[PDB]
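Just model_7.pdb here, PDB, C-alpha atoms and all ligand atoms:
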MODEL        1
ATOM      1  CA  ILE V   1     -17.078  42.998 148.231
ATOM      2  CA  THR V   2     -20.772  43.127 147.316
ATOM      3  CA  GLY V   3     -23.014  43.209 150.361
ATOM      4  CA  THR V   4     -25.199  45.445 152.488
ATOM      5  CA  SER V   5     -23.941  48.363 154.559
ATOM      6  CA  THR V   6     -23.920  47.699 158.302
ATOM      7  CA  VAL V   7     -22.673  49.376 161.487
ATOM      8  CA  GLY V   8     -20.353  47.477 163.811
ATOM      9  CA  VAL V   9     -18.830  48.494 167.122
ATOM     10  CA  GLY V  10     -15.393  47.969 168.605
ATOM     11  CA  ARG V  11     -12.510  49.370 170.613
ATOM     12  CA  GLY V  12      -9.470  51.172 169.243
ATOM     13  CA  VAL V  13      -5.823  51.002 170.248
ATOM     14  CA  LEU V  14      -6.297  53.380 173.216
ATOM     15  CA  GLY V  15      -9.320  51.471 174.544
ATOM     16  CA  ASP V  16     -12.029  53.834 173.267
ATOM     17  CA  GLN V  17     -15.293  52.429 171.912
ATOM     18  CA  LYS V  18     -16.456  53.580 168.482
ATOM     19  CA  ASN V  19     -18.872  52.595 165.736
ATOM     20  CA  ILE V  20     -17.472  51.573 162.350
ATOM     21  CA  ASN V  21     -19.080  51.238 158.934
ATOM     22  CA  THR V  22     -18.932  47.622 157.748
ATOM     23  CA  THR V  23     -20.338  45.480 154.924
ATOM     24  CA  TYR V  24     -22.205  42.212 155.462
ATOM     25  CA  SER V  25     -21.891  39.248 153.106
ATOM     26  CA  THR V  26     -21.504  36.007 155.129
ATOM     27  CA  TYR V  27     -18.911  37.885 157.225
ATOM     28  CA  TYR V  28     -18.833  41.510 158.351
ATOM     29  CA  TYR V  29     -15.999  43.254 156.509
ATOM     30  CA  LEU V  30     -14.142  46.473 157.288
ATOM     31  CA  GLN V  31     -15.592  48.115 154.184
ATOM     32  CA  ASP V  32     -17.228  51.525 154.657
ATOM     33  CA  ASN V  33     -19.524  52.254 151.714
ATOM     34  CA  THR V  34     -20.623  55.637 153.091
ATOM     35  CA  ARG V  35     -17.565  57.587 151.872
ATOM     36  CA  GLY V  36     -16.725  57.895 148.186
ATOM     37  CA  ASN V  37     -15.862  54.622 146.506
ATOM     38  CA  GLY V  38     -15.213  53.046 149.899
ATOM     39  CA  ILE V  39     -12.775  52.711 152.774
ATOM     40  CA  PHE V  40     -11.290  49.209 152.970
ATOM     41  CA  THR V  41      -9.127  47.870 155.813
ATOM     42  CA  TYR V  42      -6.949  44.757 155.495
ATOM     43  CA  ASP V  43      -5.068  42.320 157.729
ATOM     44  CA  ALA V  44      -1.406  41.884 156.751
ATOM     45  CA  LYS V  45      -1.115  39.094 159.393
ATOM     46  CA  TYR V  46       2.402  40.111 160.529
ATOM     47  CA  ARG V  47       3.756  39.617 156.976
ATOM     48  CA  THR V  48       4.951  42.177 154.445
ATOM     49  CA  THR V  49       2.799  41.072 151.514
ATOM     50  CA  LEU V  50       0.295  43.821 150.706
ATOM     51  CA  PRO V  51      -2.528  44.505 151.029
ATOM     52  CA  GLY V  52      -3.281  41.187 152.733
ATOM     53  CA  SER V  53      -6.871  40.042 153.331
ATOM     54  CA  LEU V  54      -9.894  42.329 153.546
ATOM     55  CA  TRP V  55     -10.713  42.311 157.251
ATOM     56  CA  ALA V  56     -13.471  39.770 157.966
ATOM     57  CA  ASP V  57     -15.304  39.400 161.275
ATOM     58  CA  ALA V  58     -17.996  36.897 162.227
ATOM     59  CA  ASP V  59     -20.220  39.045 164.473
ATOM     60  CA  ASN V  60     -19.671  42.765 163.642
ATOM     61  CA  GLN V  61     -18.049  43.302 167.085
ATOM     62  CA  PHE V  62     -14.421  44.423 167.142
ATOM     63  CA  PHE V  63     -13.333  44.264 170.797
ATOM     64  CA  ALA V  64     -10.419  41.823 170.553
ATOM     65  CA  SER V  65      -6.891  43.118 171.065
ATOM     66  CA  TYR V  66      -6.025  41.931 167.537
ATOM     67  CA  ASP V  67      -8.916  44.045 166.176
ATOM     68  CA  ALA V  68      -7.861  47.356 167.744
ATOM     69  CA  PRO V  69      -5.400  48.617 165.072
ATOM     70  CA  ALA V  70      -7.904  47.772 162.333
ATOM     71  CA  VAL V  71     -10.716  49.642 164.119
ATOM     72  CA  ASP V  72      -8.615  52.794 164.327
ATOM     73  CA  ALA V  73      -7.124  52.589 160.824
ATOM     74  CA  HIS V  74     -10.645  52.246 159.426
ATOM     75  CA  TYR V  75     -12.261  54.905 161.620
ATOM     76  CA  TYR V  76      -9.522  57.528 161.319
ATOM     77  CA  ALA V  77      -9.391  57.094 157.553
ATOM     78  CA  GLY V  78     -13.066  58.063 157.699
ATOM     79  CA  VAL V  79     -12.296  61.156 159.778
ATOM     80  CA  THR V  80      -9.554  62.146 157.332
ATOM     81  CA  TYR V  81     -11.913  61.694 154.360
ATOM     82  CA  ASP V  82     -14.473  63.863 156.158
ATOM     83  CA  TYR V  83     -11.927  66.617 156.826
ATOM     84  CA  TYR V  84     -10.830  66.869 153.192
ATOM     85  CA  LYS V  85     -14.423  66.751 151.899
ATOM     86  CA  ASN V  86     -16.033  69.098 154.422
ATOM     87  CA  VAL V  87     -13.174  71.583 154.838
ATOM     88  CA  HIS V  88     -11.543  71.586 151.379
ATOM     89  CA  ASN V  89     -14.264  70.208 149.071
ATOM     90  CA  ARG V  90     -11.848  67.435 148.080
ATOM     91  CA  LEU V  91     -13.342  63.982 147.447
ATOM     92  CA  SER V  92     -10.755  61.483 148.711
ATOM     93  CA  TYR V  93      -7.060  61.833 148.002
ATOM     94  CA  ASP V  94      -7.384  62.018 144.199
ATOM     95  CA  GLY V  95     -10.334  64.426 144.229
ATOM     96  CA  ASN V  96     -12.431  61.743 142.465
ATOM     97  CA  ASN V  97     -13.433  59.579 145.450
ATOM     98  CA  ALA V  98     -10.679  56.963 145.080
ATOM     99  CA  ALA V  99     -11.082  54.003 147.418
ATOM    100  CA  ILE V 100      -8.932  54.330 150.547
ATOM    101  CA  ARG V 101      -7.127  51.101 151.448
ATOM    102  CA  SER V 102      -5.166  50.456 154.663
ATOM    103  CA  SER V 103      -3.342  47.395 155.997
ATOM    104  CA  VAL V 104      -2.592  46.784 159.670
ATOM    105  CA  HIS V 105      -0.405  44.219 161.439
ATOM    106  CA  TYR V 106       2.334  44.907 158.884
ATOM    107  CA  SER V 107       5.451  42.842 159.672
ATOM    108  CA  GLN V 108       6.561  42.136 163.266
ATOM    109  CA  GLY V 109       7.301  44.852 165.808
ATOM    110  CA  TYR V 110       7.354  47.399 162.986
ATOM    111  CA  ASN V 111       7.969  50.937 164.290
ATOM    112  CA  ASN V 112       6.516  52.927 161.419
ATOM    113  CA  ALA V 113       3.546  53.656 159.191
ATOM    114  CA  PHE V 114       3.510  54.832 155.590
ATOM    115  CA  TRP V 115       1.609  55.659 152.435
ATOM    116  CA  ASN V 116       3.168  53.492 149.739
ATOM    117  CA  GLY V 117       1.805  55.168 146.601
ATOM    118  CA  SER V 118      -1.285  52.908 146.639
ATOM    119  CA  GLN V 119      -2.402  52.430 150.256
ATOM    120  CA  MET V 120      -1.719  53.041 153.936
ATOM    121  CA  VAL V 121       0.425  50.566 155.876
ATOM    122  CA  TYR V 122       0.659  50.419 159.694
ATOM    123  CA  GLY V 123       3.075  48.550 161.908
ATOM    124  CA  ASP V 124       2.145  47.367 165.372
ATOM    125  CA  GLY V 125       5.257  48.889 166.939
ATOM    126  CA  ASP V 126       7.499  46.881 169.253
ATOM    127  CA  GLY V 127       5.565  47.956 172.365
ATOM    128  CA  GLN V 128       8.408  50.197 173.556
ATOM    129  CA  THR V 129       9.020  52.790 170.829
ATOM    130  CA  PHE V 130       5.450  52.551 169.479
ATOM    131  CA  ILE V 131       2.119  50.892 170.098
ATOM    132  CA  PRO V 132       0.080  50.175 166.914
ATOM    133  CA  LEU V 133       0.506  53.326 164.880
ATOM    134  CA  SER V 134      -3.076  53.648 163.604
ATOM    135  CA  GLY V 135      -3.969  54.666 167.178
ATOM    136  CA  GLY V 136      -2.781  58.184 166.319
ATOM    137  CA  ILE V 137      -5.206  60.289 164.302
ATOM    138  CA  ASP V 138      -2.362  62.650 163.364
ATOM    139  CA  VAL V 139      -0.379  59.638 162.108
ATOM    140  CA  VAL V 140      -3.268  58.390 159.939
ATOM    141  CA  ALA V 141      -3.969  61.846 158.541
ATOM    142  CA  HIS V 142      -0.258  62.592 158.035
ATOM    143  CA  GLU V 143       0.217  59.546 155.861
ATOM    144  CA  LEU V 144      -3.064  59.945 153.943
ATOM    145  CA  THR V 145      -1.941  63.489 153.195
ATOM    146  CA  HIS V 146       0.998  62.021 151.260
ATOM    147  CA  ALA V 147      -1.635  60.599 148.888
ATOM    148  CA  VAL V 148      -3.071  64.094 148.448
ATOM    149  CA  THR V 149       0.442  65.377 147.733
ATOM    150  CA  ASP V 150       1.073  62.553 145.210
ATOM    151  CA  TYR V 151      -1.975  63.650 143.206
ATOM    152  CA  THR V 152      -1.311  67.392 143.432
ATOM    153  CA  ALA V 153       2.106  69.026 143.915
ATOM    154  CA  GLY V 154       3.993  65.745 143.661
ATOM    155  CA  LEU V 155       6.868  67.027 145.839
ATOM    156  CA  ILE V 156       9.885  64.778 145.296
ATOM    157  CA  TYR V 157      10.756  62.942 148.528
ATOM    158  CA  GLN V 158      14.288  64.297 149.027
ATOM    159  CA  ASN V 159      16.021  67.445 150.287
ATOM    160  CA  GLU V 160      13.927  70.639 150.472
ATOM    161  CA  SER V 161      10.976  69.395 148.399
ATOM    162  CA  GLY V 162      10.900  66.290 150.576
ATOM    163  CA  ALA V 163      10.973  68.331 153.778
ATOM    164  CA  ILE V 164       8.027  70.329 152.407
ATOM    165  CA  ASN V 165       6.274  67.039 151.621
ATOM    166  CA  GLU V 166       6.820  65.908 155.230
ATOM    167  CA  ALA V 167       5.759  69.266 156.699
ATOM    168  CA  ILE V 168       2.560  69.288 154.622
ATOM    169  CA  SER V 169       1.745  65.877 156.110
ATOM    170  CA  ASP V 170       2.489  67.088 159.681
ATOM    171  CA  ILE V 171       0.419  70.244 159.098
ATOM    172  CA  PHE V 172      -2.659  68.452 157.801
ATOM    173  CA  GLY V 173      -2.204  65.585 160.255
ATOM    174  CA  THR V 174      -2.439  68.177 163.019
ATOM    175  CA  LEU V 175      -5.343  70.011 161.384
ATOM    176  CA  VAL V 176      -7.250  66.714 161.151
ATOM    177  CA  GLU V 177      -6.449  66.077 164.825
ATOM    178  CA  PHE V 178      -7.954  69.482 165.688
ATOM    179  CA  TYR V 179     -10.937  68.755 163.418
ATOM    180  CA  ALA V 180     -11.730  65.570 165.358
ATOM    181  CA  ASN V 181     -11.213  67.612 168.554
ATOM    182  CA  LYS V 182     -10.027  64.872 170.927
ATOM    183  CA  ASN V 183      -6.890  65.996 172.790
ATOM    184  CA  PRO V 184      -5.569  68.086 169.870
ATOM    185  CA  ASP V 185      -2.094  69.578 169.985
ATOM    186  CA  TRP V 186       0.799  70.702 167.782
ATOM    187  CA  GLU V 187       2.827  67.542 168.511
ATOM    188  CA  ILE V 188       3.145  64.558 166.168
ATOM    189  CA  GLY V 189       2.464  60.976 167.217
ATOM    190  CA  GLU V 190       2.086  61.521 170.966
ATOM    191  CA  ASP V 191      -0.801  59.020 171.248
ATOM    192  CA  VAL V 192       1.241  56.037 169.997
ATOM    193  CA  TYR V 193       4.862  56.956 170.782
ATOM    194  CA  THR V 194       6.729  55.510 173.804
ATOM    195  CA  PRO V 195       3.960  54.106 176.039
ATOM    196  CA  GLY V 196       6.434  54.135 178.928
ATOM    197  CA  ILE V 197       7.227  57.868 178.643
ATOM    198  CA  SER V 198       4.623  60.547 179.314
ATOM    199  CA  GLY V 199       4.515  63.926 177.620
ATOM    200  CA  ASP V 200       6.745  63.250 174.595
ATOM    201  CA  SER V 201       6.156  62.816 170.864
ATOM    202  CA  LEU V 202       8.018  62.197 167.601
ATOM    203  CA  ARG V 203       8.174  65.844 166.543
ATOM    204  CA  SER V 204       6.874  69.177 167.772
ATOM    205  CA  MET V 205       5.571  71.854 165.425
ATOM    206  CA  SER V 206       5.415  74.477 168.183
ATOM    207  CA  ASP V 207       9.053  73.860 169.197
ATOM    208  CA  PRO V 208      10.846  71.542 166.766
ATOM    209  CA  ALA V 209      14.093  71.896 168.728
ATOM    210  CA  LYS V 210      12.574  69.918 171.616
ATOM    211  CA  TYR V 211      13.343  66.790 169.556
ATOM    212  CA  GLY V 212      16.516  68.051 167.874
ATOM    213  CA  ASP V 213      14.899  69.404 164.731
ATOM    214  CA  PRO V 214      15.781  72.817 163.280
ATOM    215  CA  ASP V 215      13.487  75.792 163.806
ATOM    216  CA  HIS V 216      15.430  78.141 161.525
ATOM    217  CA  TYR V 217      16.893  77.800 158.035
ATOM    218  CA  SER V 218      20.378  78.516 159.435
ATOM    219  CA  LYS V 219      20.134  75.211 161.353
ATOM    220  CA  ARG V 220      19.073  73.080 158.389
ATOM    221  CA  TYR V 221      20.593  69.639 157.891
ATOM    222  CA  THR V 222      22.473  69.202 154.605
ATOM    223  CA  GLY V 223      23.704  65.607 154.921
ATOM    224  CA  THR V 224      22.431  62.504 153.175
ATOM    225  CA  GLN V 225      20.631  60.692 156.006
ATOM    226  CA  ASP V 226      16.833  60.560 155.988
ATOM    227  CA  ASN V 227      16.622  61.377 152.258
ATOM    228  CA  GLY V 228      18.485  64.599 152.946
ATOM    229  CA  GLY V 229      16.727  65.284 156.244
ATOM    230  CA  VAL V 230      13.067  65.196 155.196
ATOM    231  CA  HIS V 231      11.870  64.518 158.788
ATOM    232  CA  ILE V 232      14.458  66.942 160.221
ATOM    233  CA  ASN V 233      14.179  70.032 158.001
ATOM    234  CA  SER V 234      10.398  69.688 158.091
ATOM    235  CA  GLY V 235      10.759  71.429 161.466
ATOM    236  CA  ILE V 236      11.583  74.705 159.724
ATOM    237  CA  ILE V 237       8.303  74.647 157.778
ATOM    238  CA  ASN V 238       6.324  73.183 160.682
ATOM    239  CA  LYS V 239       7.463  76.090 162.854
ATOM    240  CA  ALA V 240       6.433  78.620 160.199
ATOM    241  CA  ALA V 241       2.979  77.024 159.945
ATOM    242  CA  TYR V 242       2.614  77.026 163.737
ATOM    243  CA  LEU V 243       3.547  80.724 163.813
ATOM    244  CA  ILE V 244       1.078  81.589 161.027
ATOM    245  CA  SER V 245      -1.735  79.939 162.975
ATOM    246  CA  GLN V 246      -0.861  80.736 166.590
ATOM    247  CA  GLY V 247       1.457  83.745 166.401
ATOM    248  CA  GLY V 248       4.462  84.410 168.598
ATOM    249  CA  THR V 249       7.956  85.887 168.636
ATOM    250  CA  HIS V 250      10.735  83.653 167.319
ATOM    251  CA  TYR V 251      14.397  84.730 167.124
ATOM    252  CA  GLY V 252      13.161  88.270 167.716
ATOM    253  CA  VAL V 253      10.670  88.287 164.813
ATOM    254  CA  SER V 254       7.016  88.806 165.759
ATOM    255  CA  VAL V 255       4.202  86.981 163.948
ATOM    256  CA  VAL V 256       0.516  87.876 164.203
ATOM    257  CA  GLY V 257      -1.447  84.634 164.370
ATOM    258  CA  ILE V 258      -4.398  84.110 162.036
ATOM    259  CA  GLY V 259      -5.780  80.781 163.291
ATOM    260  CA  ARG V 260      -5.832  77.150 162.160
ATOM    261  CA  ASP V 261      -8.621  77.449 159.596
ATOM    262  CA  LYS V 262      -6.822  80.124 157.587
ATOM    263  CA  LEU V 263      -3.529  78.217 157.872
ATOM    264  CA  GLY V 264      -5.271  75.206 156.352
ATOM    265  CA  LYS V 265      -6.798  77.257 153.538
ATOM    266  CA  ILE V 266      -3.469  78.880 152.670
ATOM    267  CA  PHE V 267      -1.467  75.659 152.660
ATOM    268  CA  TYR V 268      -4.165  73.658 150.861
ATOM    269  CA  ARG V 269      -4.216  76.246 148.075
ATOM    270  CA  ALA V 270      -0.406  76.297 147.918
ATOM    271  CA  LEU V 271      -0.294  72.496 147.704
ATOM    272  CA  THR V 272      -2.964  72.202 145.015
ATOM    273  CA  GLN V 273      -2.353  75.332 142.914
ATOM    274  CA  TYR V 274       1.257  76.461 143.253
ATOM    275  CA  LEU V 275       3.737  73.852 144.502
ATOM    276  CA  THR V 276       5.524  71.586 142.003
ATOM    277  CA  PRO V 277       7.608  68.404 142.348
ATOM    278  CA  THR V 278      10.834  70.444 142.720
ATOM    279  CA  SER V 279       9.651  73.316 144.946
ATOM    280  CA  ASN V 280      12.210  74.460 147.528
ATOM    281  CA  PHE V 281      11.621  76.410 150.748
ATOM    282  CA  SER V 282      11.897  79.816 149.065
ATOM    283  CA  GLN V 283       9.318  78.703 146.483
ATOM    284  CA  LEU V 284       7.028  77.466 149.259
ATOM    285  CA  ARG V 285       7.156  80.938 150.822
ATOM    286  CA  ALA V 286       6.177  82.453 147.470
ATOM    287  CA  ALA V 287       3.404  79.886 147.013
ATOM    288  CA  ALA V 288       2.017  80.628 150.482
ATOM    289  CA  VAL V 289       2.161  84.396 149.919
ATOM    290  CA  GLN V 290       0.349  84.011 146.602
ATOM    291  CA  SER V 291      -2.233  81.663 148.114
ATOM    292  CA  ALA V 292      -2.973  84.088 150.958
ATOM    293  CA  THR V 293      -3.171  86.910 148.400
ATOM    294  CA  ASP V 294      -5.744  84.948 146.372
ATOM    295  CA  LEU V 295      -7.815  84.192 149.463
ATOM    296  CA  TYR V 296      -7.557  87.385 151.521
ATOM    297  CA  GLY V 297      -6.019  90.142 149.401
ATOM    298  CA  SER V 298      -2.531  91.553 148.946
ATOM    299  CA  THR V 299      -2.958  94.103 151.766
ATOM    300  CA  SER V 300      -4.403  91.561 154.210
ATOM    301  CA  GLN V 301      -3.179  90.634 157.669
ATOM    302  CA  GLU V 302      -3.061  87.050 156.406
ATOM    303  CA  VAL V 303      -0.437  87.888 153.762
ATOM    304  CA  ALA V 304       1.566  89.979 156.231
ATOM    305  CA  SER V 305       1.571  87.106 158.744
ATOM    306  CA  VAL V 306       2.761  84.573 156.161
ATOM    307  CA  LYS V 307       5.709  86.835 155.377
ATOM    308  CA  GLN V 308       6.491  87.363 159.083
ATOM    309  CA  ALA V 309       6.417  83.611 159.758
ATOM    310  CA  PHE V 310       8.817  82.749 156.946
ATOM    311  CA  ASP V 311      11.041  85.661 158.021
ATOM    312  CA  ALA V 312      11.086  84.248 161.553
ATOM    313  CA  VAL V 313      12.415  80.876 160.336
ATOM    314  CA  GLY V 314      14.937  82.491 157.971
ATOM    315  CA  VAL V 315      13.264  81.578 154.650
ATOM    316  CA  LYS V 316      13.237  84.364 152.053
TER     317      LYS V 316
ATOM    318  CA  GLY T   1       9.200  54.515 156.307
ATOM    319  CA  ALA T   2       7.185  57.710 156.448
ATOM    320  CA  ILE T   3       5.808  58.800 159.836
ATOM    321  CA  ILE T   4       9.484  58.642 160.829
ATOM    322  CA  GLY T   5      12.696  58.232 158.856
TER     323      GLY T   5
HETATM  324 CA    CA V 401      -3.026  64.907 170.607
HETATM  325 CA    CA V 402      -0.769  65.364 167.748
HETATM  326 CA    CA V 403       5.130  58.570 175.042
ENDMDL
END

What is this structure when it is put down as structure tokens?
Amino acid sequence: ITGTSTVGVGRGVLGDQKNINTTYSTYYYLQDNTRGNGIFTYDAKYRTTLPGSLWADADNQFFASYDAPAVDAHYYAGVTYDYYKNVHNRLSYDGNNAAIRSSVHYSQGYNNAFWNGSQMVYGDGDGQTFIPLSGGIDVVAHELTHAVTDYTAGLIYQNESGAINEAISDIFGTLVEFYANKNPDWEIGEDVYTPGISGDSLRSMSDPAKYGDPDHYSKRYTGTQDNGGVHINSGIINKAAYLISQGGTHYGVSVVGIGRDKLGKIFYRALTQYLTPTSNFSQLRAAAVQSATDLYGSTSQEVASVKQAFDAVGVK
Amino acid sequence: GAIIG
């Protein structure tokens, strides 16, 4: 909408107060004009029609329980925009400052969140498996990263290419979580998953097997569920990324860690310069080796560590 | 369906 840029204040899903960029024209809207062509947050009103209504508020204060998922969807989309711009010189998900749209209160008791090819969509959860999913910065950044993938490698969402697609989203979701630097970890979704259970998460990148996911290519799933295991076999790539960054010994193979920043540079270059819609795990290894070679040199520790990490998870 | 299957 046309209006003047304003700054509201509210509370997110976890009860934390934050400022949000709004737009004033009769109402105060969740429309942040400070980033690209805008960040716009919508109310789906417990229905499944999308996007719903641009979020309107009478007083620029967002402290109601109903407001909390919208506050966090809007704010964390801003953090994710800032990460891609400041760290990777990428302007929004298309590289041309495309408007970022999100809808909250999708359906009733909906235990998921997703990028749909056009926008972000967040369920509220049923209060037992999930609380409103926009409360997790890694969740927001994971799903926005699918938009980056759509405009770059275009990894088809099935089998090995789909597991790479998922892992790329977990990797950058985690790197955005570290960028914001509030309780960062190598787990996925811990801030919104199972409010009654402490210390768990949806997936672990440091130890995928904690939640039944494979940490070695010899344990890959080859059935048809989950689009051929895209959220299962992602553990193999997530573990390799964790090893590249943090180092460790895994199935007797030692990896020299190179840190999160270099992990992000290597995988961002692989995603935007080398991966294709049909890339498999072996081709990801080659893309990561080439990306590290471009950035650090063929004789570098960075290249050696990429090879060690893929060796450790059984991907040649 | 995307954060989880
Ligand atoms: Ca965390
Ligand atoms: Ca996390
Ligand atoms: Ca929990």

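Between chain T and the candidates V:113, V:288, V:312, V:167, the tightest atom-to-atom separation, counting only C-alpha atoms, involves V:113.
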
Output the residue selection produced by the PyMOL selection byres (((chain T and resi 5) around 10) and not hetatm) on the file above, formatted as a ChimeraX atom specification. /V:112,225-227,229-232 /T:1-4

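Using only C-alpha atoms, the nearest neighbour of residue 189 of chain V within the list V:237, V:147, V:243, V:133 is V:133.
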
Please identify the residues whose atoms come within 6 Å of ligand CA 403 (chain V), using all atoms listed in the file, and report them as a CSV table (one decimal) with C-alpha atoms, keeping the file's coordinate frame.
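Below is the file that was written, pocket25.csv:
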chain,number,residue,atom,x,y,z
V,190,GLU,CA,2.1,61.5,171.0
V,193,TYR,CA,4.9,57.0,170.8
V,194,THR,CA,6.7,55.5,173.8
V,195,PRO,CA,4.0,54.1,176.0
V,197,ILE,CA,7.2,57.9,178.6
V,198,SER,CA,4.6,60.5,179.3
V,199,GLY,CA,4.5,63.9,177.6
V,200,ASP,CA,6.7,63.2,174.6

12 Å contacts from chain V to chain T using only C-alpha atoms, as a PyMOL selection string: chain V and resi 110-117+120-123+129-130+133-134+136-147+157-158+162-163+165-167+169-170+173+188-189+192-193+201-203+225-234

Quick one: which residues end up in the PyMOL selection byres (((not hetatm)) within 6 of (chain V and resi 401)) for this structure, as a list in words?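 Written out, the selection comes to residues 183, 184 and 185 of chain V.
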
Could you take the residues named above and write them with C-alpha atoms, as a CSV table (one decimal), in the frame of the given file?
chain,number,residue,atom,x,y,z
V,183,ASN,CA,-6.9,66.0,172.8
V,184,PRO,CA,-5.6,68.1,169.9
V,185,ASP,CA,-2.1,69.6,170.0

Matched chain/residue IDs from the PyMOL selection byres (((chain V and resi 104) around 10) and not hetatm), as a ChimeraX atom specification: /V:41-47,50-52,55,66-74,102-103,105-107,113,120-124,132-134

For the residues in that selection, give me C-alpha atoms as a PDB file, in the coordinates of the input.
ATOM      1  CA  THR V  41      -9.127  47.870 155.813  1.00  0.00           C
ATOM      2  CA  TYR V  42      -6.949  44.757 155.495  1.00  0.00           C
ATOM      3  CA  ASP V  43      -5.068  42.320 157.729  1.00  0.00           C
ATOM      4  CA  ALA V  44      -1.406  41.884 156.751  1.00  0.00           C
ATOM      5  CA  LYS V  45      -1.115  39.094 159.393  1.00  0.00           C
ATOM      6  CA  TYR V  46       2.402  40.111 160.529  1.00  0.00           C
ATOM      7  CA  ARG V  47       3.756  39.617 156.976  1.00  0.00           C
ATOM      8  CA  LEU V  50       0.295  43.821 150.706  1.00  0.00           C
ATOM      9  CA  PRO V  51      -2.528  44.505 151.029  1.00  0.00           C
ATOM     10  CA  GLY V  52      -3.281  41.187 152.733  1.00  0.00           C
ATOM     11  CA  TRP V  55     -10.713  42.311 157.251  1.00  0.00           C
ATOM     12  CA  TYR V  66      -6.025  41.931 167.537  1.00  0.00           C
ATOM     13  CA  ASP V  67      -8.916  44.045 166.176  1.00  0.00           C
ATOM     14  CA  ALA V  68      -7.861  47.356 167.744  1.00  0.00           C
ATOM     15  CA  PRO V  69      -5.400  48.617 165.072  1.00  0.00           C
ATOM     16  CA  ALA V  70      -7.904  47.772 162.333  1.00  0.00           C
ATOM     17  CA  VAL V  71     -10.716  49.642 164.119  1.00  0.00           C
ATOM     18  CA  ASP V  72      -8.615  52.794 164.327  1.00  0.00           C
ATOM     19  CA  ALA V  73      -7.124  52.589 160.824  1.00  0.00           C
ATOM     20  CA  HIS V  74     -10.645  52.246 159.426  1.00  0.00           C
ATOM     21  CA  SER V 102      -5.166  50.456 154.663  1.00  0.00           C
ATOM     22  CA  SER V 103      -3.342  47.395 155.997  1.00  0.00           C
ATOM     23  CA  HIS V 105      -0.405  44.219 161.439  1.00  0.00           C
ATOM     24  CA  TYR V 106       2.334  44.907 158.884  1.00  0.00           C
ATOM     25  CA  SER V 107       5.451  42.842 159.672  1.00  0.00           C
ATOM     26  CA  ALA V 113       3.546  53.656 159.191  1.00  0.00           C
ATOM     27  CA  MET V 120      -1.719  53.041 153.936  1.00  0.00           C
ATOM     28  CA  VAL V 121       0.425  50.566 155.876  1.00  0.00           C
ATOM     29  CA  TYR V 122       0.659  50.419 159.694  1.00  0.00           C
ATOM     30  CA  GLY V 123       3.075  48.550 161.908  1.00  0.00           C
ATOM     31  CA  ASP V 124       2.145  47.367 165.372  1.00  0.00           C
ATOM     32  CA  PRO V 132       0.080  50.175 166.914  1.00  0.00           C
ATOM     33  CA  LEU V 133       0.506  53.326 164.880  1.00  0.00           C
ATOM     34  CA  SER V 134      -3.076  53.648 163.604  1.00  0.00           C
TER      35      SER V 134
END

In Å, how far is it from atom CA of residue 182 of chain V to atom CA of residue 38 of chain V? 24.7 Å

List as a PyMOL selection string the protein and nucleic acid residues near residue 205 of chain V, meaning an atom at most 6 Å away when all atoms listed in the file are counted, but skip any in the same chain fewer than 4 places from it. chain V and resi 186-187+238-239

Restricting it to C-alpha atoms, dump the selection as a PDB file, in the coordinates of the input.
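Resulting contents of selection_2.pdb:
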ATOM      1  CA  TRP V 186       0.799  70.702 167.782  1.00  0.00           C
ATOM      2  CA  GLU V 187       2.827  67.542 168.511  1.00  0.00           C
ATOM      3  CA  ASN V 238       6.324  73.183 160.682  1.00  0.00           C
ATOM      4  CA  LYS V 239       7.463  76.090 162.854  1.00  0.00           C
TER       5      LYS V 239
END

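The space separating atom CA of residue 83 of chain V from atom CA of residue 20 of chain V comes to 17.0 Å.
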
So how many Å separate atom CA of residue 65 of chain V and atom CA of residue 13 of chain V, to one decimal? 8.0 Å

If we count all atoms listed in the file and set the cut-off at 7 Å, which residues sit around residue 156 of chain V, ignoring sequence neighbours fewer than 4 positions away in its own chain? Please answer as a PyMOL selection string. chain V and resi 161-162+277-278

Would you save the residues from that selection as an mmCIF file, in the frame of the given file, using C-alpha atoms?
data_model
loop_
_atom_site.group_PDB
_atom_site.id
_atom_site.type_symbol
_atom_site.label_atom_id
_atom_site.label_comp_id
_atom_site.auth_asym_id
_atom_site.auth_seq_id
_atom_site.Cartn_x
_atom_site.Cartn_y
_atom_site.Cartn_z
ATOM 1 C CA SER V 161 10.976 69.395 148.399
ATOM 2 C CA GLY V 162 10.900 66.290 150.576
ATOM 3 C CA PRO V 277 7.608 68.404 142.348
ATOM 4 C CA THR V 278 10.834 70.444 142.720
#

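With distances taken over all atoms listed in the file, V:75 is the one residue among V:296, V:63, V:75, V:267 lying closest to residue 22 of chain V.
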
Would you compute the box with edges along x, y and z of the file around segment 124-134 of chain V, including every atom the file lists for it and 8 Å extra on each side, and give its centre and edge lengths in Å to one decimal, as JSON?
{"center_x": 3.0, "center_y": 50.3, "center_z": 168.6, "size_x": 28.1, "size_y": 22.8, "size_z": 26.0}

Calculated over only C-alpha atoms and all ligand atoms, which of the candidates V:135, V:297, V:3, V:15 has the smallest distance to ligand CA 402 (chain V)?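 Smallest separation from ligand CA 402 (chain V) among the options: V:135.
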